[PDB]
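> Please find the sequence and an experimentally derived structure below.
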Amino acid sequence: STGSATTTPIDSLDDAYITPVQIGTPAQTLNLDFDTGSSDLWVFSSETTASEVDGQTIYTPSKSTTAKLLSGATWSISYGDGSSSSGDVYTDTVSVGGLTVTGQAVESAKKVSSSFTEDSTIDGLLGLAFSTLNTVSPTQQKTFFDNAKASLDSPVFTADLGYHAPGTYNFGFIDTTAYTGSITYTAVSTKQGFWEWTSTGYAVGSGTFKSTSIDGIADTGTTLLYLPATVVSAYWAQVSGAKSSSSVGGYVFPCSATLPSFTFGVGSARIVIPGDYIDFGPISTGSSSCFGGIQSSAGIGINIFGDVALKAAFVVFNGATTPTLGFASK
């Protein structure tokens, strides 16, 4: 089997991407944030505290003939941005782009933090990291991908995120028309439960490539590119007037600037992020200070190849017995 679903930016900045997901019988379609940095499939639901719902589409298990309470199971998750959610668990039929899993754990939110409430466009998350990170207790649950894997033509999924445009998540096949040149594969460590890999270096604009190992995670659920302070300083030093602002929470730059590209290494291959991808616009409406898309990972504890990086590539998440990651230009 295979699946193929379009993923669409939630706003004009590509802050996140939503992908329609069918849950239950008859289908209830919710728009979920596919997150390769976490491993819970959770949804706004008929159980979510009413004051914490503001425009989201909810899953109502009582209206699904295939829903079953997973008795005694609870979940609670906290994300790197400080947001959180928690609740109880149903199993139900879940389909993505024509690919169906029966008995998927669908984590129903009883509570969500303010950031989720305030984002009316995201109806929940679909985790695509390793199932060892799944938060369901006392019986840990598998991700949609883990459940689907044995049925897939090939044990892979691909992320093809657009810049200010829709893109695609495919399951079970590699669309050889969706990228240019060849795919370069690189080793993954699953020790922390993430799609963790080591980039071979970077360049700023037309500058020389610096060969240096940068361990980080491929995380579709993080907007920006978070890298070591040394690397980030080298980038922003090439932008007149750019500075790190503690009041704003990162690097800002004059909105009048033209940003240089940023290149990252994947083995001997190179992925180029155009300068425009690094512009996150005015810090507040009407400001002439713009927020940068490359930020320091210092104090996160991990480097994160978020959407800014991933959208510059066609990315293969290879979930074979020995997992790997592939990157191609597109």
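On my side now, so go ahead. Residues are numbered from 1 along each chain as shown.

> what's across from the closest residue to residue 95 other than its chain neighbours in the sheet?
Among residues not flanking residue 95 along the chain, residue 22 sits closest, at 4.2 Å (CB to CB, 6 or more residues apart in numbering). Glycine gets a C-beta too; all of them are placed from N, C-alpha and C. As for beta bridges, residue 22 partners with residue 29, residue 95 under DSSP bridges.

> can you check residue 59 too?
residue 45.

> can you pull the buried residues of the longest helix along the chain?
In terms of residue count, the longest helix belonging to the chain (DSSP state H) is helix 229-236. Of the residues in helix 229-236, those buried by neighbour count under the rule 16 or more other CB atoms under 10 Å are 231-232, 234-236.

> got TSV for those residues, with distance to residue 200 too?
Rendered in TSV, the data for the buried residues of helix 229-236 read as follows (distance: CB to CB, whole Å):
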residue	distance to residue 200
231	13
232	18
234	16
235	17
236	22
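
> From those residues, pick the one nearest residue 80.
Out of those, the one with the shortest distance to residue 80 is residue 232. That distance is 16.9 Å, counting by CB to CB.

> tell me the contacts of the closest one?
Contacts for residue 232 (CB atoms under 8 Å, 6 or more residues apart in numbering) come out as 251, 294-296.

> Which ones among these map onto helices?
Using DSSP H to define helices, no part of the contacts of residue 232 is located there.

> Could you dump those residues into CSV and include neighbour count and distance to residue 214?
Shown next, in CSV, are the contacts of residue 232 (neighbours: other CB atoms under 10 Å; distance: CB to CB, whole Å):
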residue, neighbour count, distance to residue 214
251, 22, 18
294, 25, 12
295, 25, 14
296, 19, 13
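
> Quick check: the gap between the residue nearest to the spatial centre of the chain and residue 127.
Compute the mean C-alpha point of the chain, and by CA atoms, centre = their mean the closest residue is residue 220, 1.8 Å away. Using CB to CB, to the nearest Å, we find residue 220 at a distance of 10 Å from residue 127.

> Identify the contacts common to those two.
Both residue 220 and residue 127 are contacted by 35-36, under the criterion CB under 8 Å, 6+ apart.

> And this protein, what are its domain boundaries?
The chain is divided into the following domains under curated CATH domains: 5-174, 175-330.

> Please name the bridge partners of residue 262.
Listed beta-bridge partners, residue 262: residue 204, residue 273 (assigned using DSSP bridges).

> which residues does it contact?
Contacts were defined as CB under 8 Å, 6+ apart; by that measure residue 262 touches 202-205, 225, 235, 272-273, 275, 278, 294.

> Any chance of TSV for those, columns distance to residue 49?
Output for the contacts of residue 262, formatted as TSV (distance: CB to CB, whole Å):
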residue	distance to residue 49
202	44
203	48
204	46
205	48
225	34
235	42
272	45
273	39
275	42
278	37
294	37
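
> Show me which pair in those is furthest apart.
Considering CB to CB, no two members of these lie farther apart than 205 and 225, which are separated by 15.2 Å.

> Neighbour count for these two, which is higher?
residue 225 (29 against 13; other CB atoms under 10 Å).

> Just say helix, strand or coil for the nearest residue to the more buried one once chain neighbours are set aside.
Counting by CB to CB, 6+ apart, residue 308 is the residue found nearest to residue 225 once chain neighbours are left out, at 4.2 Å. Judged by DSSP: H, G, I helix; E, B strand; the rest coil, the three-state class of residue 308 is helix.

> Tell me how many other residues surround residue 308.
Counted by other CB under 10 Å, the residues lying close to residue 308 total 26.

> mind checking how far it is from residue 8?
Here residue 308 is placed at a distance of 17 Å from residue 8 (CB to CB).

> again with residue 98
Remark: distance between residue 98 and residue 8 (CB to CB) = 17 Å.

> Please say which of the two ends up with more neighbours.
Neighbour count, other CB under 10 Å: between residue 98 and residue 8, residue 8 has more, with 16 against 12.

> and the more buried one, that one's in a strand?
Yes - under three-state DSSP, residue 8 falls within a strand.

> ok, and the closest non-adjacent residue to it?
Excluding its sequence neighbours, the residue lying closest to residue 8 (CB to CB, 6+ apart) is residue 166, at 4.7 Å.

> Tell me who's in contact with that neighbour.
For residue 166, the residues meeting the contact criterion (CB under 8 Å, 6+ apart) are 6-9.

> change it to 7 Å
6-8 (CB atoms under 7 Å, 6 or more residues apart in numbering).

> wait, which of those is closest to residue 266?
The closest of those to residue 266 turns out to be residue 7 (CB to CB; 21.7 Å).

> Adjacent strands (with direction) for the helix or strand that the longest helix of the chain is followed by?
With elements assigned by DSSP states H and E, the helix or strand that comes after helix 229-236 is strand 243-245. Taking DSSP bridges as the criterion, strand 243-245 forms sheet pairs with strand 250-254 (antiparallel).

> Identify the residues contacting the strand it pairs with?
By CB under 7 Å, 6+ apart, the surrounding residues in contact with strand 250-254 are 232, 236, 239, 241-245, 283, 288-292, 295.

> one more time with 10 Å, if that's ok
Outside strand 250-254, the residues that touch it by CB atoms under 10 Å, 6 or more residues apart in numbering are 224, 226, 232-233, 235-236, 239-245, 259, 278-280, 282-283, 287-296.
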